[PDB]
Amino acid sequence: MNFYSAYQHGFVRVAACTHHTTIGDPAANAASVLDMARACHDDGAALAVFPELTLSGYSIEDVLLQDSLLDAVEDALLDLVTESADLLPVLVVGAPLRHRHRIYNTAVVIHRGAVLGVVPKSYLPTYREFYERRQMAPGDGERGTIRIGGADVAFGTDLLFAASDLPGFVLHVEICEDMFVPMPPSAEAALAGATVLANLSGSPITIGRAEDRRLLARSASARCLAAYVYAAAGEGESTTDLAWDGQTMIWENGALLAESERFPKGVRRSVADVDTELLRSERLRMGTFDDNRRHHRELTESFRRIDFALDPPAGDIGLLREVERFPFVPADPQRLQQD
Amino acid sequence: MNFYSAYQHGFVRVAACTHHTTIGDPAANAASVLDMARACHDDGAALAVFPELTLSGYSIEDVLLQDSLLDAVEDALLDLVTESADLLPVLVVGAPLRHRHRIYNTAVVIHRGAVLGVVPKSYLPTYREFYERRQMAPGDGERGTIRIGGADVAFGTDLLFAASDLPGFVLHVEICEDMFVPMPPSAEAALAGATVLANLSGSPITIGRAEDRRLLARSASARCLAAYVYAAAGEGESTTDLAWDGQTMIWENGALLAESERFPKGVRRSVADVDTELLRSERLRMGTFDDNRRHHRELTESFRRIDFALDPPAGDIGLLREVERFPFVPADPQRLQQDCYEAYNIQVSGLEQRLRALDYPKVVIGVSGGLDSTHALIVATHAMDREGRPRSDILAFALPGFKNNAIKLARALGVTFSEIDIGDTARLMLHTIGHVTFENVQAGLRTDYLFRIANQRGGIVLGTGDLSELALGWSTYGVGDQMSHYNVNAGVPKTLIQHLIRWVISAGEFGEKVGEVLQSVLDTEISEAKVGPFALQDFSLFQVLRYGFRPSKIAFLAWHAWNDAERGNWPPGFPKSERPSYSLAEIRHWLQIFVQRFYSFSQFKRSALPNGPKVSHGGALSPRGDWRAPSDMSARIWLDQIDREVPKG
Amino acid sequence: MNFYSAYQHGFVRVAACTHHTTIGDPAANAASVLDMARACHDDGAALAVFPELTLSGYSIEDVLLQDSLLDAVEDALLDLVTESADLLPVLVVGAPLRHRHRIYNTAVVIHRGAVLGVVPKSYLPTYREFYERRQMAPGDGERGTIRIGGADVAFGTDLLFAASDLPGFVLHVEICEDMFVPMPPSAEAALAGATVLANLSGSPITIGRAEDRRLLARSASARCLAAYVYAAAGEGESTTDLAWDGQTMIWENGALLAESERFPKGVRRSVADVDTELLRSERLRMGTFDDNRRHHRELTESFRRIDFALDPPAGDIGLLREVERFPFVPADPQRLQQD
Ligand SMILES: NC(=O)c1ccc[n+]([C@@H]2O[C@H](COP(=O)([O-])OP(=O)(O)OC[C@H]3O[C@@H](n4cnc5c(N)ncnc54)[C@H](O)[C@@H]3O)[C@@H](O)[C@H]2O)c1
Ligand SMILES: Nc1ncnc2c1ncn2[C@@H]1O[C@H](COP(=O)(O)O)[C@@H](O)[C@H]1O
Ligand SMILES: N[C@@H](CCC(=O)O)C(=O)O
Ligand SMILES: N[C@@H](CCC(=O)O)C(=O)O
Ligand SMILES: N[C@@H](CCC(=O)O)C(=O)O
């Protein structure tokens, strides 16, 4: 055995990335994504989540409907997919994609030269500063496949991406607003077996919103005994009516593993080692969790499980995790006072 | 790339054929079909639809039940399929076919040597002159397969034929009466993804029936955001009790692409290039269409999708499509009169409501003798007339800086006229900031003065900038002509403005003296040096605003409409001296200027836009309505698309 | 018998009205409605259709979400219902109404002192100049009841209002965009038994749109062997970004019975006598129509049928219908040339 290998001890290294948006320029966005993903690769990450609508920019409104923009997004996506043949992590990249009659607000799950799945956002906010239903169709209840670069790949809200050589790591993906409704796709996903829940977010920033995002990502990670990996848009998005803060964060069962500088100059990543055994153990013990699943048996057995082989690095890559010396004695004085 | 290829620009060429019927003689019918299909092939067509029951004749009644007839039909169908190995288009041929217990009234979808599917008619009229249920069984709800020439092929109402190498082209087929019932198979098919709807018809002709066919084919194509391809039986059908007119027609989203001579001597075809990108775009935009699909999810997910490779011709095969030069200005005089009547009334009623709401302020307007302000002054006047307001509450101003039409118009209409020389204020202002800035100081001070007069005199300032100027950011933003309290011209493209003024003259409502001045404004007035000819920019604007077509597609369309001044039609009022034709090199040139100005530079000017009514179905440019876009975006990708896809000349 | 009575010969008199909109002032709208409805009464009409969102104005955007606006809408509706005790016709009045979580874009079907039903618009355009999904919820698939003035009344897209003493008159209601989608609620309603199809429209006017409205109302009336009664908004709607034309029209089996002045100064009505026997006869003969219904048996048997007694006038009220002398020889020279 290799005793100093985080992977050999049931950790999976995950990254939430905020790239440099160049609105309406998918080649540029892809290039920023590719450069960030190569960093993640170098870090031995298994997973790299990007902001909502990465390849186009979230904030471009009716420019999303322009043939040239949609065409350029496809072209760029196929280049990423080809570049990914050499990248270790699963990439989750946002893209407006044509399917059937409309464009869907999707997250493309990319791995080692192939698209594993395409996941459409389920709930499209059309209120206050949000106009998503104007340009894009709702994903809830879409199944089937979508044709991307001459292959048919699973399409829908019901997908799970399971590492065949790392069974603690089962990915589900949702998008921004999805985690804000009473019954988020990710909650059914966790009952079905998802352990790492990704969220690609656009999320223009307002007073108090960062708290809202935390409240909902944290509670989700706790109620679903899961890692929650979250990435919002930042510099480059249009400031015609909104500002953007680039927040990224990674939660695990209610605990913050990592977050990044708000309003950064330049791109930022949150990278952390998620303990899949911790999630495994919590779930093994909390039988009411499996009880919830059995109660929603129909909902939860209908997930399609797409397999991939991660083949993570076997050597010493450190441990990107804060392990406290005294599990019973919190180092933070305010927390210790409370206990 | 091949830039002159209709197929490379998302067109699919379709044909509706009416052959020579020889009743009870399938070999003869197939021979007519084969000969017509070879023509369609030579034309590069992707699809050729024939009349109901092609192989037998629709009108043979109980002869449909004779073994020898049914046997001959099969033999002929198998020859067609064999001949089709060498034919480009998908053939849709009618045939009475045995399945299970009965004969179905079917359409056989044939392609490159194989049967792709067999589609039975759903609803069999048995009333009036129709006796179909006597011989044939209903198809609604039949699924499974049917055995045709030793192969099992899909059979049923639920089929879609999708071109794998041409995704804009997804065929659904129905038969005659099918499109006449409240809930036609074709409507479910469109929601499932069908973009081209074929109809094989028998349809004996009677007074008023051709209108009925039109009504229903046209409305289907419009309601289903689709092409509708229709072919009825003609010469050769029995005239025992009925006559036949051979009508063929092709519709696209409500518009007639093509139709053929009724009661022809001989066979006739309608052939047209359908714009699959147009349908794509309409559907991308009308979300309620996908909403309808989701509501009928069960109905629409159950379609079976049969794939085929069309492999259409890559070369220049022309463009069988009427591309009008002025998307905003219809060449047909009747249609143009109608649009003008509507534009005008929209403008007026928009302004009447603002005035009513403000308890009838004075209307302040800068009149320079140019087309836009002339027209706005007229609109203002009419609005005031309709609301029983004295024309003297209109305050027209000439604002000379560093024309006679303006004072002549104002005196003739009898509004309140006044001159204010802004030059001194401008000299003062230029000196004070220590001096585009020079043009802008004047343009701004005009607006500044008008606004202040409006405060002073209890008015609102009427904007006069037109849509084409909004599109290109050809205005002075903020303090300048971009700004006003209400803009009646905001929705009207420049190419339409001259026709509204004529329309106003021709109606004659304002009297002979006013008409003379208006005529003079036209004669006199008719910056395009820097922003290009508005005919071209209004063309690109319509494509971008309505469909979001890529630059190369816009270039292709514009070149087909504009490259030859002798081809196509000109709206009324273009003396043959003002009938230019444009080269590709020019069209390319102005398009680069257009995408850069439209997508990148100009949006901030539209972002803070005063109120005013949408006019055109092509769209308007209100950031509160039709056009929501970033004020801080580059146009690199459109510029790059032109570099890559549009030849230099 | 009374031989000169249009009603005794199977006619039902219907009105499509365009009122004076006062945006954000329900009391004022109701007052206009009340006054037009009294006219219809005097004309012996059985039915009076008004424009989309009559009681609030269609064009008021987020003002639709203001409590005071919604409260005033309810008060005004209840006054109408009370005034309707004395009115002969069934009134179909537009109103933004609270139900469950949202406001629905509804048509309230009122008759002789009671609300027969409330019908929500099914398809809410959110594209180009339309933003309906921002303020209002889709009605497709809503059923049940809604509580209006202390009574529970049928709510949903599936309703038929059938005159018990006049069986040729079975009303279905849809709203604007409803008639523009491939499978309109009205088409199922006709297969289920509806003979008179109402449409309340807002429909800001643009070049060519009046044609579009005609194309779609005319084809529907022909394909559904029905009368189609249509009323659009006019003077008074906001001209912040749009104009309005007040078009009203009444179709019967593809033929124009009546239409009103476009861009009128003041209110206008189309009033016409619809021949229910003509519709009856066409349907009796075109068996493929009944075939279509059977094929959509599940769709069509699920309609709820609300009964009311019209008790129309028995006397001579003329005949608001153009009866040509030569059924075989059209009076219009252009049409006659064609025949
Ligand atoms: N026929 C007409 O309608 C008309 C009238 C006046 C001027 N013009 C033409 O157009 C010109 C007007 O010049 P212009 O357009 O440079 O003047 P402008 O002042 O309207 O535009 C530039 C101004 O806005 C700022 N700006 C540019 N982009 C911005 C953005 N994205 N966001 C916020 N602010 C931004 C610039 O820094 C500058 O202050 C004239 O020189 C003339 O040739 C035409
Ligand atoms: N000389 C002028 N006198 C009065 N108004 C003017 C004058 N020049 C421009 N305007 C106003 O400003 C608008 C913009 O015109 P322009 O900048 O010349 O294209 C005109 O339509 C008028 O409303
Ligand atoms: N539903 C949230 C959106 C928060 C987000 O998208 O990040 C709001 O409008 O406040
Ligand atoms: N049912 C239609 C059929 C028309 C046709 O076949 O063209 C009619 O009777 O008019
Ligand atoms: N779907 C139509 C709507 C027409 C109407 O609502 O009257 C459009 O293009 O805007």
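All residue numbers given for chain B refer to Swiss-Prot; the residues shown span 1-402, 409-441, 452-542, 557-679 in order.
Structure method, as recorded: X-ray crystallography, 2.7 Å.
Using N, Cα and C of the backbone, Cβ positions are placed for all residues, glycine too.
For B:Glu52, the entry in Swiss-Prot reads active site, proton acceptor. The active site, for glutaminase activity feature in Swiss-Prot is assigned to B:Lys121. Under the heading active site, nucleophile, Swiss-Prot lists B:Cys176. The annotation L-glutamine binding site is assigned in Swiss-Prot to B:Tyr127, B:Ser203, B:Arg209 on the grounds of sequence analysis. For B:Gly366, B:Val367, B:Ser368, B:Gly369, B:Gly370, B:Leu371, B:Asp372, B:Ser373, B:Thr480, the entry in Swiss-Prot reads ATP binding site, with the evidence type sequence analysis. According to Swiss-Prot, the deamido-NAD(+) binding site annotation covers B:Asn456, B:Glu485, B:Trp490, B:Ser491, B:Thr492, B:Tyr493, B:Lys635. Here Swiss-Prot flags B:12-276 as domain 'CN hydrolase'. Look at Swiss-Prot and you will find B:639-658 tagged as region 'Disordered'.
Annotated features taken from Swiss-Prot, shown on the structure.
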| residue | record | Cβ contacts under 8 Å, 6 or more apart |
| --- | --- | --- |
| B:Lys121 | active site, for glutaminase activity | B:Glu52, B:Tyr104, B:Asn105, B:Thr106, B:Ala107, B:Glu132, B:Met136, B:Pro138, B:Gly139, B:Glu174, B:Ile175, B:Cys176, B:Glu177, B:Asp178 |
| B:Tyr127 | L-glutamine binding site | none |
| B:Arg209 | L-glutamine binding site | B:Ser203 |
| B:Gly370 | ATP binding site | B:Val537, B:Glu541 |
| B:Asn456 | deamido-NAD(+) binding site | B:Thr492, B:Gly496 |
| B:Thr480 | ATP binding site | B:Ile365, B:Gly366, B:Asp372, B:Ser373, B:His375, B:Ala376, B:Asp497, B:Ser500, B:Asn503, B:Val504, B:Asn505 |
| B:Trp490 | deamido-NAD(+) binding site | B:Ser484, B:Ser557, B:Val561 |
| B:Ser491 | deamido-NAD(+) binding site | B:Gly481, B:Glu485, B:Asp497, B:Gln498, B:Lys635 |
Reduced DSSP assignment, B:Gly370 (ATP binding site): coil
Folded-back contacts onto the region 'Disordered' (B:639-658), same chain, C-beta under 8 angstroms, at least six residues removed: 327-328, 342-343, 346-347, 349-350, 354, 479, 483, 486-487, 499-509, 512, 571-572, 575-576
Where B:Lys635 (deamido-NAD(+) binding site) sits in the secondary structure, as DSSP reduces it to three classes: helix
Cβ-centroid neighbourhood (8 Å) of the deamido-NAD(+) site, B:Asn456, B:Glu485, B:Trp490, B:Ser491, B:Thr492, B:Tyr493, B:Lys635 excluded: B:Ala459, B:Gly481, B:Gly489, B:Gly496, B:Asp497, B:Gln498
Sparsest Cβ surroundings (other CB atoms within 10 Å) among the recorded positions B:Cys176, B:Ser203, B:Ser368, B:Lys635: B:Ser368
List of the binding-site residues B:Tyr127, B:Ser368, B:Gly370, B:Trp490, B:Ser491, B:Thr492 facing chain C, defined by a Cβ pair under 8 Å: B:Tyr127
Listed recorded positions with Cβ under 6 Å from ligand 4, out of B:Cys176, B:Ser203, B:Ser491: B:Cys176, B:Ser203
Conformational class of the residue listed as 'active site, proton acceptor' under the three-state DSSP mapping: coil
For B:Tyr493 (deamido-NAD(+) binding site), the number of other Cβ atoms found within 10 Å of its own Cβ: 18
Distance, B:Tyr493 (deamido-NAD(+) binding site) to B:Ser368 (ATP binding site) (CA atoms, angstrom): 19
Other CB atoms within 10 A, centred on B:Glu485 (deamido-NAD(+) binding site): 24
Neighbouring C-beta atoms (10 Å sphere around the C-beta of the residue listed as 'active site, proton acceptor'): 26
Other CB atoms, at most 10 A from the CB of B:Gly366 (ATP binding site): 24
Lowest local Cβ density (other Cβ within 10 Å) among binding-site residues: B:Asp372, B:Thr492: B:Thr492
Binding-site residues whose CB lies under 6 angstroms from ligand 2, from B:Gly366, B:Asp372, B:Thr480, B:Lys635: B:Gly366, B:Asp372, B:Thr480
Other same-chain residues whose Cβ falls within 8 Å of the Cβ centroid of B:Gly366, B:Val367, B:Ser368, B:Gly369, B:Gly370, B:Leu371, B:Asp372, B:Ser373, B:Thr480, the recorded ATP site, in sequence order: B:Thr374, B:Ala376, B:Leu377, B:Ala412
Cα-Cα distance, maximum over B:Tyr127, B:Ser203, B:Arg209, record's L-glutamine binders, Å: 16
Neighbourhood of ligand 1 - recorded positions from B:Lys121, B:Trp490, B:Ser491 with Cβ under 6 Å: B:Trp490, B:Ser491
